[PDB]
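*Asks:* first chunk of the complex, coordinates as they sit in the assembly:
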Amino acid sequence: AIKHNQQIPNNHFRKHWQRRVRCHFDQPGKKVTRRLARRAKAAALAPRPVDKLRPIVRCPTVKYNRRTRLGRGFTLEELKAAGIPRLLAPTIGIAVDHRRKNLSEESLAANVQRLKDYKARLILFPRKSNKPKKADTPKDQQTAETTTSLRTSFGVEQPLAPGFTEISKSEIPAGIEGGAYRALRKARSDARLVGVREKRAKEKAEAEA
Amino acid sequence: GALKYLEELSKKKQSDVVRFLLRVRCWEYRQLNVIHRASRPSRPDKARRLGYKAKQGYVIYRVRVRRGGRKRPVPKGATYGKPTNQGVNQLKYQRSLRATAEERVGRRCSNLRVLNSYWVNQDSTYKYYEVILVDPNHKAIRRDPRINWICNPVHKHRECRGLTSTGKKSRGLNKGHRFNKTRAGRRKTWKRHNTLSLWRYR
Amino acid sequence: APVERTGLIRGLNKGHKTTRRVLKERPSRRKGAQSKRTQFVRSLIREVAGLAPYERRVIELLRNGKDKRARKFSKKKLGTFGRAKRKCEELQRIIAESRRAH
Amino acid sequence: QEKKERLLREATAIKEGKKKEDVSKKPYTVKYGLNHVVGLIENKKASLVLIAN
């Protein structure tokens, strides 16, 4: 029953909503529980970092196309280029994704470098102390300052391109011959008429023959 | 080996060789009980494809159902309701006939676990199935790690909880934009969309 | 390097300039290929099993008869136009092999 | 039971200094098993087949 100048209401409160209400009075209590779980997990993994290595990935939509972020794992081609066995990768903190492909060469080159320098920073303790092996650390540089986050130390350096660039005058390029605005209109109408133009040209060839 | 040819032969269910062999078997059945033990599977290739093995602890049972459509059970035809839901005759059951066949077998053999079932024969008023069962208390079963996962107390009577292959079909357990309302459980998501959540700092 | 992108959006070949590369073909894409082990089996079973009643009606009507009717009938049984075209083509092969052999 | 004697015979030779296949010879036996037999005839290795009825 409207009586005055009102906004037409739409309140979805005709079911038995009172039976399903989820108040959050345990917001601080839950936070304490997670912090107790993190430090308990970090204690179990005494010298190891808590997290795992991730690759650099670009967002999939025309909006968000500009920004980059972390992915799930390295493709099987990325691991091969850096000379890491497939089975050994998951057991030294590296995350592997077997259902991703490298269509371009920019993404392939960026991830290989990001993975190659990690291999140089790795300290690998031997399986048995009394008998070390060829690939083990020779015990001289086992004592050094280490990192544990691996998400802040290996995060995205810069997600977006630089805001602007400064270049000297007389280096500014010349635009398209027609102009920027008219270059768009011509390119739009060319795709609209791709079908009409194509059949008219083709039927002319058969008409003359 | 030979099991590959059986796969190809069983595909052609209209050929003269197969059609004769199905007609005679269906008469051999329908003279025995509704539910009875089977000495060995009648479709060795199909049973093998579903996990059946030829070692102790594996048994096969078979059963038939009435092959119709559900009629609403009410006194005479009265329903005492609005006209939108007073139909009695053309209603349909929401689970396959394959599921009902598995469920009756489970009550008969209350100490075994159902693995799978498959179609064997059908008639004007019957459809026949064969059900694979596994003994969870046998020593030869608990020894093998490929199957001993079934001995855990969480796989009890998964026939009527909708956990076998036909149970997953009757539910919308598939990925994609088509199975939206039932991807993770129809009733679970309805709770999620209809709950009103309030935080401390609104 | 299949195709070169123009470098401006809203065009016939719009996109952002990049160096596309060719990649090795994954084994998951070999689903439909024929194998000599499965062609041998499928040929033998056809000899043993024979034909089906609905094929026997088309195969007779396909020779010395109409061709539009052979596709109206095939569609009504199989249910779709795409499968009907392939089935009619396949049955046309067996008659060619049968009579022309001997 | 016959297999046990041959297996024990091999153990004495391998400890003595003679390697395997020096005291035993190639066997000639009849084949059996449905999947095993089907493969044999597809390679044209079989010479005669008997089938139960």
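*Replies:* Nice, thanks for sending it over. Numbering: from 1, shown residues only, chains lettered A, B, ... in the order given.

*Asks:* near chain C, which residues of chain B are found?
*Replies:* Taking Cβ under 8 Å from any Cβ of the partner chain as the contact definition, chain B meets chain C at B:4-5, B:8-9, B:12, B:14-18. All C-beta atoms are positioned from the backbone trio N, CA, C, and that covers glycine.

*Asks:* now those as JSON lines including distance to residue A:74, neighbour count and secondary structure?
*Replies:* Conversion of the residues of chain B next to chain C to JSON lines gives the following (distance: Cβ to Cβ, whole Å; neighbours: other Cβ atoms under 10 Å in any protein chain shown; DSSP: H, G, I helix; E, B strand; the rest coil):
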{"residue": "B:4", "distance to residue A:74": "39", "neighbour count": "15", "secondary structure": "helix"}
{"residue": "B:5", "distance to residue A:74": "44", "neighbour count": "16", "secondary structure": "helix"}
{"residue": "B:8", "distance to residue A:74": "43", "neighbour count": "17", "secondary structure": "helix"}
{"residue": "B:9", "distance to residue A:74": "47", "neighbour count": "18", "secondary structure": "helix"}
{"residue": "B:12", "distance to residue A:74": "48", "neighbour count": "18", "secondary structure": "coil"}
{"residue": "B:14", "distance to residue A:74": "52", "neighbour count": "13", "secondary structure": "coil"}
{"residue": "B:15", "distance to residue A:74": "52", "neighbour count": "19", "secondary structure": "coil"}
{"residue": "B:16", "distance to residue A:74": "58", "neighbour count": "13", "secondary structure": "helix"}
{"residue": "B:17", "distance to residue A:74": "55", "neighbour count": "11", "secondary structure": "helix"}
{"residue": "B:18", "distance to residue A:74": "52", "neighbour count": "16", "secondary structure": "helix"}
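
*Asks:* mind adding RNA strand E? sequence follows:
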RNA sequence: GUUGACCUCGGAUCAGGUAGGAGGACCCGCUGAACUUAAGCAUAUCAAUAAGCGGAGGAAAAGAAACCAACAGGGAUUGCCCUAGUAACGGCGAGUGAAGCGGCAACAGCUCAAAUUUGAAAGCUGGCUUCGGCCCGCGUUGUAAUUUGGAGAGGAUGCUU
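*Replies:* Once RNA strand E is put in with the chains from before, the structure reads:
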């Protein structure tokens, strides 16, 4: 004829085992209303809810793509914030109503059917045993090793584990 096997179907207070009932706040399914709202009322709404029935756990269920997308491409499942009271449905009336992208919590991957060990069923339940093994049985209508699409098999090749 005598005798010895095979297949199917039975007896026993035979040797050794296993199921029912309770509980059901939360969880997986089936079955299924009307009061009420529309200022009447029948499609609609209350509601894919209450009652009725079957089956589990300390969590259950879901889950390693026959997915989302149309991009410079994302990459198992679950939950929170946002998308959004939006696209769409509706005597287009009263009313109803999701998903992809995006930030975070938490992260972990795998074995079967389809191949001949064929130069050796290499595998297993049970009984007895001095503890070393033996005997019957299950099984060739297929029990171990080998392979699961990310591959793999078959060949090459030198180091490593």
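
*Asks:* so where does residue B:119 fall, helix or strand?
*Replies:* Secondary structure assigned from DSSP states H and E places residue B:119 in strand B:113-122.

*Asks:* ugh, typo on my part, it should be residue B:67
*Replies:* Applying DSSP H and E, one finds residue B:67 in no helix or strand.

*Asks:* so is stretch B:53-71 next to RNA strand E?
*Replies:* Yes. Applying Cβ under 7 Å from any atom of the strand, one finds stretch B:53-71 touching RNA strand E at B:53-56, B:70.

*Asks:* closest to chain D out of these?
*Replies:* Nearest to chain D out of the residues of stretch B:53-71 next to RNA strand E is residue B:54 (Cβ to the nearest Cβ; 12.6 Å).

*Asks:* that closest one: neighbouring residues, count only.
*Replies:* Counted by other Cβ atoms under 10 Å in any protein chain shown, the residues lying close to residue B:54 total 10.

*Asks:* which residues of chain B fall in strands?
*Replies:* Listed in chain order, the strands of chain B (DSSP state E) span B:35-38, B:58-65, B:113-122, B:127-134, B:196-198.

*Asks:* is RNA strand E within reach of stretch A:84-92?
*Replies:* Yes. Counting by Cβ under 7 Å from any atom of the strand, RNA strand E has neighbours in stretch A:84-92: residue A:90.

*Asks:* which other residues reach that stretch?
*Replies:* Under the contact criterion Cβ atoms under 8 Å, 6 or more residues apart in numbering or on different chains, stretch A:84-92 has outside partners A:74, A:76, A:79, A:94, A:96, A:115, A:119, A:122, A:124.

*Asks:* RNA strand F follows; place it on the structure:
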RNA sequence: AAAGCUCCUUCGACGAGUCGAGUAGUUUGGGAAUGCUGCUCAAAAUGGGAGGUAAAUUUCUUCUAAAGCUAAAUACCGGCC
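*Replies:* Same chains as before, plus RNA strand F:
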């Protein structure tokens, strides 16, 4: 004995009364029909499914169904504290 890596002429087995289609009832925001179930018909090998408007012809993108297992983040004061 068993296991990992780099290269190659050639081979490379992949789930059926199922997928799909017509019709009926129910259901969904799903609209020439989103899912489910009964009945009739019933497939294929570069095949098959999907690409949110029914149909024919010609291209393109992306996955590999009809067998199975598995911790954590989530729900709950019914039971013992």
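
*Asks:* re earlier: can you give the distance of the strand holding residue B:119 from its chain's centre?
*Replies:* 7 Å (Cα atoms, centre = their mean, to the nearest Å).

*Asks:* that one vs strand B:58-65, what angle?
*Replies:* 50 degrees (axes from the mean of the first three to the mean of the last three Cα atoms, to 10 degrees).

*Asks:* is strand B:113-122 in proximity to RNA strand F?
*Replies:* Yes. Using Cβ under 7 Å from any atom of the strand, we find that strand B:113-122 touches RNA strand F at B:116, B:118-119, B:122.

*Asks:* in the chain, which helix is the longest?
*Replies:* Let's take chain A. helix A:27-44 (DSSP state H).

*Asks:* please refer instead to chain D.
*Replies:* Max-length helix for chain D by DSSP H is helix D:2-16.

*Asks:* which helices and strands sit right next to it?
*Replies:* Helices and strands touching helix D:2-16, as assessed by 3 or more Cβ pairs under 8 Å, 6 or more residues apart in numbering or on different chains; DSSP states H and E, are absent.

*Asks:* do it and RNA strand E meet?
*Replies:* Yes. Counting by Cβ under 7 Å from any atom of the strand, RNA strand E is contacted by helix D:2-16 at D:3-4, D:6.

*Asks:* how about those in TSV, adding neighbour count?
*Replies:* Output for the residues of helix D:2-16 next to RNA strand E, formatted as TSV (neighbours: other Cβ atoms under 10 Å in any protein chain shown):
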residue	neighbour count
D:3	7
D:4	8
D:6	11
